[PDB]
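Novice:
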Amino acid sequence: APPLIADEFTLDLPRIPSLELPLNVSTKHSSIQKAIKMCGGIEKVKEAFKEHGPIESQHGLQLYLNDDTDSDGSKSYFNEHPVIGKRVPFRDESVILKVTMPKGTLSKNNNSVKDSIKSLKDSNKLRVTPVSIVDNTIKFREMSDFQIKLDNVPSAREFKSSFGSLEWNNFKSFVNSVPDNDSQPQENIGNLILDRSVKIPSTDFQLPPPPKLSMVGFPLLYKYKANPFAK
Amino acid sequence: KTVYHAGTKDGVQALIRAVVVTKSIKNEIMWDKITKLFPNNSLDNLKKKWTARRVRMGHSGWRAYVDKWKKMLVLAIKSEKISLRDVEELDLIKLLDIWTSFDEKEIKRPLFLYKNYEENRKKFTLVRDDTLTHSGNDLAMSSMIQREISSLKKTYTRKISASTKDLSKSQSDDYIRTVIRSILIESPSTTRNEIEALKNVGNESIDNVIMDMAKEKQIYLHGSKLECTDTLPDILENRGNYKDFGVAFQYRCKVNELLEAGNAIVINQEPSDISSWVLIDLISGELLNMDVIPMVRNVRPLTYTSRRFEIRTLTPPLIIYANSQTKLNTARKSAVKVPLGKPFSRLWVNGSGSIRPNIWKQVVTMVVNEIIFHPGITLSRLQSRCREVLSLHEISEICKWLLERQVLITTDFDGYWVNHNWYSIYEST
Amino acid sequence: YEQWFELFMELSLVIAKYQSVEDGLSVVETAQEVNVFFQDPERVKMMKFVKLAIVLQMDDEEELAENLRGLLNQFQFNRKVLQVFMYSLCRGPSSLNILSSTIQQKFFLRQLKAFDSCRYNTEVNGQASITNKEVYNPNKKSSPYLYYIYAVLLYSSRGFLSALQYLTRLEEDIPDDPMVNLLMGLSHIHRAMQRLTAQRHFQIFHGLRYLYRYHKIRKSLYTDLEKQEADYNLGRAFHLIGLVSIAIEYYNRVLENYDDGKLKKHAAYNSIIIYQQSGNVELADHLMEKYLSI
Amino acid sequence: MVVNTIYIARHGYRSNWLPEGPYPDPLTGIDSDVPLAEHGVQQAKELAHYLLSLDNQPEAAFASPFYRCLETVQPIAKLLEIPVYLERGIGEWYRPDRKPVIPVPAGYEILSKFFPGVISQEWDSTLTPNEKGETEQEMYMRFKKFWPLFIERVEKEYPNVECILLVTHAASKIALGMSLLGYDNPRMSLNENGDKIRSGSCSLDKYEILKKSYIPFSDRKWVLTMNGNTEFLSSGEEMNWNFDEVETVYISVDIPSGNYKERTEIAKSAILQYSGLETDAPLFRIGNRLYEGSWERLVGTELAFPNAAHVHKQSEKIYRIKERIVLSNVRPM
DNA sequence: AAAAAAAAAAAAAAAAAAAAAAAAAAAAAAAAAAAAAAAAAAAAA
DNA sequence: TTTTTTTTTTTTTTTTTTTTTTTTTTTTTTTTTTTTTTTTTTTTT
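In C-alpha cells form, the structure reads like this:
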C-alpha cells in the first residue's frame, strides 16, 4: 500500500517576538505573569521588540530581580538598578510546534514534553501543528549595576519610608527637617536627623549613589594586560 | 561502458559514487576497478580529488553516501535491477548507471515526508551541513558592538536527550580529536593507518574524524599524512597566559613582605601589568589598606581644573600596606598530583604519561584565563569554547584538579569558579 | 488649608502608587500655581519633593531632569536637597543621561563657584548668584554635598579624571563617609579603562583605595544586613571591570552569609548572566529557580 | 493567474447560542438567519488579525448570503482592504424535513443596507442550493458541482486572484473541504488515523496546491495544510459540528546560522512536515530544505508571543517554550 | 635706588592632532564557459 | 576498399565570481597650543 504521506503544513504563519528571561518559570500562569512583572511588565516587553538601531544606542528592556514589597507598599529594594536586555540583531527564524495530547500525559511522563509524546507513539490522540514563527528575540546579557542598601543609613531609611513608600505619613517628616537656608553645608546631614534608632558612625555623611555606579553595563574590558595602545 | 574524464562536471560525481560502491561492498577502495572508468586521468590525480571530496563532506557526508548507496542497492536487488553476482563481481558500470537511474527518478519527486518514521529513515539519506560547527567561538572580540551583538545572539540551553550521536560513541569521537591534537603538537605530521594510538576505536570513525579535522583546518592533509597546523600553538600562545600569572605569584612576594612595615612600596609610577593581576586580588583578599604620600597642593579660590592640576596629585602616589584586621590568602594550595590520563589523552599529556609542562602551563592558564572571565562553567560550554583545543574528557581533569588545589571552587551542578589568589598556580614552595 | 494641602499631597502619592500617574502630577503642579499652598515656602519645598518621588514611579530622562533643575535652584546649597537628587537618580538607565548631560554639569560647576564666592566673600568668574543668605561657614570647609554631585556629573559623562578631582576635594574634608569613597574609587577605575592612558595599572589601584575604604567603613561600622551591599558592590565592581571570579567570591558572600533575600536575586542574576557565558547552564537554571523563580 | 490558496472559515458565535435574552430579531425578517453575539464578532476580529499576519492575504472573500456569514466578514473586508462577493453556492445546509420552512436568504439589495461598502454586486452566484432542502447525497454533489464551475469563473472574472477566502456554515465548511480534496463522501476521515475537518465557530481551513517544476481545474491536487485552525482565537474550539480531556505544550524549532553576523530564514508560503517527534531526533522539511535536530531544554524560559505578531498588509495568550529542538541543516541527496 | 612697564611662564581652556576601529575597495583565486583541436563515424567513390 | 566529410568529444582558454587584504573614514583620547593672569626682570627717571 502506498506509504502514508505526513501532513504538509504551511510556514506562512504569524511571526512572533520572544524573550529569554534567565528566570526558570513553572508551567503555571501564576509563575509566568510575575516573571513578566519583573522585566517591566506586559507593556515594555512588547515595546522592547520595536526598538530598531545599532546595538549601543538601544536602551534595552529592564529586568528587576526583586519585585519584593515592604508592608508600606514600597519597592522593598527601590535601590534596584536593574539588569538590561537588548534585542538580538541576528536572530535566525524558528517555527513553534503545538502538541495537543491527553490530560495528565505530562504528570504520567516525567513532566517531559518529549516522553509525553513518546508514550502515545501507537495512538490517534497525538496532534501536532506548526502554529507560529519566532523571528526576533531579546536576551538579558547586560548585568544589574552596583546596588547600595538604604535600611541602616538613617536618611536612606528616611528616603525609602518617604519617596520609596510614597507614604505622606512617613514623607512629610523627611521634607520637614530639610533646611530652607542650609545653616551649615560643611556638616554631616545627621545634624538634621531625628531618628538615632540606627547607630550610624560619625564619619558617614550619607551620600547617595548615582543611578549608574557602573557607566558601561557589559564589562569594560580591564583584562589587566600591558596596554600596547598607551603611547 | 560509461566512462568519464575527471575534469567533466559529472565525472567528479562518478568518482565519488565508485569509491562508495567499491568500499561499501569489498571493505576497500578498489583503485584497479575505479581507474577503468577514468582512462584519461592518473591514479594519484583521482586519489587527490577523492580525498579532497571526503574532506569537504566530512563524517556527516561519507556515511550519508554509503547509507544512500546501501538503501539504493537494497531497492535495486528487490526490483531485479541487480543480481547478487553484480555485487560479488563489483561491475562498477552497472552499479553507476543504476545509481544514475535512481537519482533520475527521485529528481522527479517534490520531496515530501512519510508520516511513518522508518519509511523516512529508508527513503531519505541525510547530510548534516555543518554551518553551526558547535565550535563555541566568538573570535578574539574586543569592540562593544562585537561583544553585545555576539552575546545577544548566543545560545542558552541544555540537551534533554543524549545527542543524535550516541554519547558512548561520541566518547570515542572527541577522544580521537584529542589523541590527534595531542600528537600534532608532538609531531609536524602523522599517518592515520599505522601510527595512531586509537585503533581499539573503529578505524572508520578515526578516518571520519580525520576528514572533519581537515575540514575544520585543525590539520592539513598531504595524502596519508595528517600535518600539524601552527594555528593550535598560536591559539595557546594568544589565549594561554602563563607568564603573567608566573610574574604574579612573584609579585605576591614583592607586595606581601613589605605590607606589615606600614611604610612600604609606594605606587608612584606605572606598576607592571602583572602587578595589577596581584594587587587587585590581594586588595580584594582584605590584606590591604592604602596610604597617601601627603603631596601639598595649590588649591585656590576661582580655580576649577583636573587634567594636570598639580599633575601627579590626582594619583597622589600611594603607600600600599597591611590592613590591621585580616589575611584571607594563606597556604590554601597543596601538591595535588597532576591530571594525567592515557598516553596522549588530554592536550597536555605527553607520550610518557607526564605533562608537556609548558603546554600544561599554557593550557591550565588558558582554562583559568577562560574561567577568570567565565565562572560557573560546565565541562560542555568549556568543551565548545575550547573546541579548537580541548574536548570534554580533557576539561574535567583540569577543572576538578583546580577544585582540589582550591584555585577553583564549585557551585551546584559542577559549575567551576576561582576563589582569590588564583593566578598563583606556580608558587615558590 | 493645610488640610487641603495634606489631601492634595497624600492623594497625588496614592494615585502615583497605581496606573495613570499623570493624574497625580496634575494635583501637585496645580498646587504649585495655587497661592493658598505656594505662598508657604516649606510647602513649595514639599510639592517639588512629592512630584520628584512620583516621577520615579513613571520612567523618563527629560521630565525627571526638569523637576530636579526646578528644586536645586530654589533651596540653594542645601544638603537634603542635594541628597534627594542623588537618591532619585537610581532606577532606570534613563536617569544616567541626567548625569552624563553637560546641561547639569555646568549647573554644578556654577553652584561650586557660588559656594566659593560666599566662603571667601569675593566675586567668582561665572558663579551662580546667592539668594539663600544665612549660609555660614566660619571654619571655611567645602560643602561635601556640592563636591560630590559635581564629581558625579563629571563621573557620568565619562569625565572620570574630572570626577576624581571633586572626590579628592571631598576626601580633604569628610575622610571616612561611604559614598564619597565608593564614587571616588569608581571614577579612578572608569577613567583607567580608556584606550591609551599613561599609568593605566596605577589608575586602577587608586580605584581600590576608595572602594576598600568604603568596604572597611561599611563592614566595621554598620549592621550585618547592610554590610551585605559592601559585599555585593565590591563584587559588582570586579564584574564591571571584567575581573569576574573576584566578583563571584563577593556575589557568593551575598548568597551564603546573609538572610535578607533582596541582594541574593542580584548576586544570583549577575551569577546566572556569567554562568550563561561560562555555561554552567544547569547551575544557572538551578540558581534561577532557587532565588528568581516564583 | 491560477489560485494557489483557498481559505474556508465557519461564521462567528450565533446570538441564539447565548444563555439569556433578549435574543435579537433576524434583521432580514427571514426564519433562522440570526446575527452574531459580540463574542462571535470578537472571534471574527481574531480570525482577521490571524489572516492579516500572513503575507498570503486573501484577494477577496466569498460570503454565504446568510446574515451571520456577512457579519463575520465586515471586520475582515475593512481590515485587509478586499471586496466581498455573495455566493449562494456557499449557503447553509438544510434537510427536506426541516420546519416550519427552508430558509434561503434575500439578495444584494437587502444585505447592502446592513453591510454598506463591504459587499460588491460584480459577481453572479455559481449555483443556488435546493429551496426544498437537500439530502446528504444532493448536498455533497452540489458542492462537488460548485468547485469546478466556481474556480473556472473566479479565474476568468478575477484573473489576478492567487488567494481567496470563503466564510460559511458548519456543513458548508466540511462538505466544501472533503469535495475539494476529492473524497467519496463527507463522513470519510482525512487519514487512516481518523482525523476530520475541525469546524467550530471561526475555525480556519487552508487548502494549498502541490507545486509544478493557465491550468484546467481537473488536473489539480491539494493538501488541507491548515486543519480547522483555532490557535489564534482566544477561546479555542467552540460549538464544533461534524459529519457522523487534553493538555497543551510547545516545542521550538530553532534553525541556527553559523556566523553570528549572518541570519538564516524561512521562505514565504513554504511547507513543513514532521516525523519521529517520539524519537531521539525527529525529521523535518521547510520549503524544499530538510533537517534533523537534538532535543534541548533552556536555561531560563523563552516566552514567545502570538498576541504580539507583526502586521504585513483574560490571561493574555503566551507560550512558555522551555523545551526545543535545534535543527542542524540536514539536506537530502 | 625705587617704581613702572613689559615680557614670559603657568594654569586653564579650547581646538586640533593622533590613534583605533570600521567600512569599502582592490586584488587574488576559483569556477564556469567558450573555443579549438582531435578522434570517430558516416557517406561516397 | 578507400577517401572525404560531418559530428562528437576532449582540451585549452577566457571570463566571472568569491575571498582576502589594504585603504579610507569616523570616533575617541591625549597632547599641544592658545589665551589670560601673575610674577619677575629690565630699563628709565
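Residue numbers (the deposited numbering), protein chains in the order written: chain C, 21 to 251; chain A, 732 to 1160; chain B, 732 to 1025; chain D, 1 to 213, 228 to 258, 290 to 358, 416 to 435.
Cβ coordinates follow ideal geometry from the N, Cα and C atoms, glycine included.
#1: Counting only beta-carbon separations shorter than 8 Å, does A:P1002 have a partner in chain B?
#2: Comparing the CB of C:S197 with every heavy atom of the ligand FMN, is any distance shorter than 7 Å?
#3: For the pair the stretch 64-78 of chain C and the stretch 869-883 of chain A, tell me if three or more CB-CB distances fall below 8 Å.
#4: Once DSSP output is grouped into helix, strand and coil, what is the label at D:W340?
#5: In chain order, what residues of the same chain have a beta carbon less than 7 Å from the beta carbon of A:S791, not counting five sequence neighbours either side?
#6: If contact means a Cβ-Cβ distance below 7 Å, which residues of the stretch 70-101 of chain D contact chain B?
#7: Roughly how many whole angstroms lie between the Cα atoms of D:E310 and A:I1129?
#8: May I ask which residues mark the beginning and end of the alpha helix (DSSP H) holding A:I966?
#9: Could I get the ranges of all uninterrupted beta strand (DSSP E) runs contained in the stretch 94-141 of chain C, with 3 residues as the minimum, in chain order?
#10: Would you mind giving the Cβ-Cβ distance between C:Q226 and C:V173, rounded to the nearest angstrom? I have them listed as a contact below 8 Å.
#11: So A:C959 is in the beta strand (DSSP E); what residue range does that whole segment cover?
#12: Quick one: residues in its chain with C-beta nearer than 7 Å to the C-beta of A:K754, no 5 flanking neighbours on either side, listed in chain order?
#13: Alpha helix (DSSP H) containing A:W1008: first to last residue?
#14: Measuring only the C-alpha atoms, how far is C:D224 from B:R949?
#15: If the criterion is Cβ atoms closer than 8 Å, does the pair D:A9 and D:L204 meet it?
#16: Given D:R433, which residues of its chain have a CB within under 7 Å of its CB, disregarding the five upstream and five downstream residues?
#17: Using a Cβ cut-off of 9 Å, pull out every chain C residue sitting near A:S892, in sequence order please.
#18: Against chain A, does C:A21 count as a neighbour if the rule is that its beta carbon must be under 8 Å from one of theirs?
#19: Alpha carbon to alpha carbon, what distance is there between B:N964 and B:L942?
#20: Using 8 Å as the Cβ pair cut-off and three pairs as the minimum, do the stretch 24-34 of chain D and the stretch 291-302 of chain D touch?
#21: Using a cut-off of 7 Å between C-beta atoms, extract the partners of D:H355 located in chain C.
#22: I'd like the list of long-range same chain contacts for D:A349, defined as Cβ closer than 6 Å, with 5 residues on each side in sequence excluded.
#23: For A:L1139, write down the residues that DSSP places opposite it in a beta bridge.
#24: Given a limit of 8 Å on CB to CB distance, which residues of the stretch 759-783 of chain B reach chain C?
#25: Tell me, which residues are paired with A:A1053 by DSSP?
#26: Note down, in chain order, every chain D residue with its Cβ under 8 Å from the Cβ of B:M1019.
#27: Hey, A:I1014 and B:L939 are a contact pair by Cβ (cut 8 Å); roughly how many whole angstroms apart?
#28: Give me, in chain order, the residues of the same chain whose beta-carbon lies closer than 8 Å to that of C:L31; leave out the 5 immediate sequence neighbours on both sides.
#29: Residues of the stretch 842-862 of chain A in Cβ contact with chain D at a cutoff of 7 Å, in chain order, please.
#30: Kindly list, in the order they appear in chain D, the residues whose Cβ is closer than 7 Å to that of A:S881.
#31: For the stretch 105-117 of chain C, enumerate the residues whose C-beta is nearer than 9 Å to any C-beta of chain B, in chain order.
#32: Could you give the distance in angstroms between the alpha-carbon of A:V910 and the alpha-carbon of A:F980?
#33: Measuring straight from C-alpha to C-alpha, what distance separates A:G738 and D:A326?
#34: With the cut-off set at 8 Å, would you say A:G1016 and A:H1124 are in Cβ contact?
#35: Would you kindly check if the distance between the Cβ of B:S918 and the Cβ of B:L952 is under 8 Å?
#36: Restricting to runs no shorter than 4 residues, where is the alpha helix (DSSP H) found entirely within the stretch 39-105 of chain C?
Specialist: Put simply:
#1: A:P1002 counts as touching chain B.
#2: Questions concerning the ligand FMN fall outside what the structure shown contains, since it holds no ligand whatsoever.
#3: The stretch 64-78 of chain C is in contact with the stretch 869-883 of chain A.
#4: In the displayed model, D:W340 falls within a strand according to three-state DSSP.
#5: Around A:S791: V858, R859, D861.
#6: Answer set for the stretch 70-101 of chain D: empty.
#7: CA-CA distance, D:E310 to A:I1129, rounds to 40 Å.
#8: Run containing A:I966: 962-970, per the alpha helix (DSSP H) assignment.
#9: Runs of the beta strand (DSSP E) inside the stretch 94-141 of chain C: 103-107, 114-122.
#10: Sure, about 5 Å apart at Cβ, within 8 Å.
#11: Looking at the DSSP string, the run of the beta strand (DSSP E) that includes A:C959 is 956-959.
#12: Same-chain partners within the cutoff: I760.
#13: For A:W1008, the uninterrupted alpha helix (DSSP H) segment begins and ends at 1004-1015.
#14: When rounded, the separation of the alpha-carbon atoms in C:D224 and B:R949 is 10 Å.
#15: The answer is yes: Cβ separation under 8 Å.
#16: The residues are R334, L335.
#17: What A:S892 touches in chain C: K134.
#18: Interface with chain A (8 Å Cβ-Cβ cutoff): C:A21 is excluded.
#19: Cα to Cα, the separation comes out at about 9 Å.
#20: The answer is no - the stretch 291-302 of chain D does not touch the stretch 24-34 of chain D, with fewer than three Cβ pairs under 8 Å.
#21: Contact annotation for D:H355 against chain C: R35 [CB-CB distance below 7 Å, chain order].
#22: So the qualifying residues of the chain are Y421, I423.
#23: The partner list for A:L1139 (beta bridge, DSSP) reads A:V1149.
#24: Listed by position along the chain: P772, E773, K776, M777, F780, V781, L783.
#25: Looking at the DSSP assignment, A:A1053 forms a beta bridge with A:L1019.
#26: In chain order: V344, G345.
#27: Their Cβ separation, rounded to whole angstroms, is 4 Å, which keeps A:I1014 and B:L939 in contact under 8 Å.
#28: For C:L31, same chain residues with a beta-carbon under 8 Å away, outside a window of 5 residues either side, are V115, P150, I153 in chain order.
#29: Correct list: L842, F843, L844, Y845, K846, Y848, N851, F855, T856, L857, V858, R859, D860, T862.
#30: The answer, in chain order, is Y305.
#31: Going along the stretch 105-117 of chain C in chain order, one finds no residue with a Cβ nearer than 9 Å to chain B.
#32: In a straight line, the C-alpha of A:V910 is about 32 Å away from that of A:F980.
#33: Taking the straight line from one Cα to the other gives about 39 Å.
#34: For the 8 Å CB-CB criterion, A:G1016 and A:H1124 do not form a contact.
#35: Taking C-beta atoms as the reference points, B:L952 and B:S918 fail to come closer than 8 Å.
#36: Counting only runs of 4 or more residues that sit fully inside the stretch 39-105 of chain C, the alpha helix (DSSP H) segments are 49-58, 61-70, in chain order.
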